[PDB]
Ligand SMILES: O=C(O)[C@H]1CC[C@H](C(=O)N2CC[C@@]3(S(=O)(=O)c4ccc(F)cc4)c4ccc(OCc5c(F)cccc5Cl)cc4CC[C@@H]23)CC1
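The chain below stands alone, shown as structure tokens; this is the form deposited without the ligand.
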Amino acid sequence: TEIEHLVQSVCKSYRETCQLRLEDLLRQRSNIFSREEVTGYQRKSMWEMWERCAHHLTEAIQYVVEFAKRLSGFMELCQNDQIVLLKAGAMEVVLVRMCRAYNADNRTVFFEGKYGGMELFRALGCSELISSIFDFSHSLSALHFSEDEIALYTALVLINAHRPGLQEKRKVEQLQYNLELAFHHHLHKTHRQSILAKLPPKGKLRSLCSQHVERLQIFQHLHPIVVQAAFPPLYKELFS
């Protein structure tokens, strides 16, 4: 029941931090930006779209930090290792969480209260990155990832004892092994082990996140946003 308790704990942390309810995202699928509304977004300054998107991504990261803080044993890791794991993994989790807000039927994402295609983001002038994020979301949406699958998979995106610069690798390994057992137990109970072969390959999430954060750092150098900093030790690693 330790592993059953861990599944319950991880799913509760996820529910408390997931931002939007799945049934709300699903109900809103017929609420699509009009041609007029899309043109309104396209005419916005690159720098206004950056401010909006940077705000949304900052809030998304903060919810992921709250998710990690509520994972059994995470707060018992040394601060160095908590920061190493969050710096490496929190934006990877944001990118995975996006698949819930993605509709593969019409290739739209839930953004500021309605669904829109990647054309909504034209003003940012990084069509290749936006295309890559949509493609990644399309790949995960095809799995029909359940809420518990997202919760347990994203716990494992964070709790990775291979991250360079960990000081207590054995302690991270112990948490990782328990979360791997929780995920694999849960897939067996729900007859969903078939998704293991279909999950993103080794390096796909890492390289997408590298490209994404590189672009956020370029925008932040050119046009810095003001962050409502909730996690000073982590903020200090990302901002300068």
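Each residue number is its position in the shown sequence, starting from 1.
This next part talks about the form deposited with the ligand bound, which is not shown.
Participant: Is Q19 part of the interface with the ligand in the bound PDB entry - any heavy atom within 4.5 Å?
Facilitator: Yes, contact at 4.5 Å.
Participant: Hey, in the bound PDB entry, does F183 get a heavy atom within 4.5 angstroms of the ligand?
Facilitator: No, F183 stays farther than 4.5 Å from the ligand in the bound PDB entry.
Participant: Is it the case that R70, even though its partner is missing from this view, gets within 4.5 Å of the ligand in the bound PDB entry, heavy atoms only?
Facilitator: Judged by the heavy-atom cut-off of 4.5 Å, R70 is well away from the ligand in the bound PDB entry.
Participant: Might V157 be said to contact the ligand in the bound PDB entry, defining contact as any heavy atom within 4.5 Å?
Facilitator: No, no contact at 4.5 Å.
Participant: Go through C78, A104, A161, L129 and name the one with a heavy atom inside 4.5 Å of the ligand in the bound PDB entry.
Facilitator: Flagged contact: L129.
Participant: Any residue of 60-96 with a heavy atom within 4.5 Å of the ligand in the bound PDB entry counts; write them all down in order.
Facilitator: The stretch 60-96, when checked against the ligand in the bound PDB entry, contributes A60, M91, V94 at the 4.5 Å heavy-atom cut-off.
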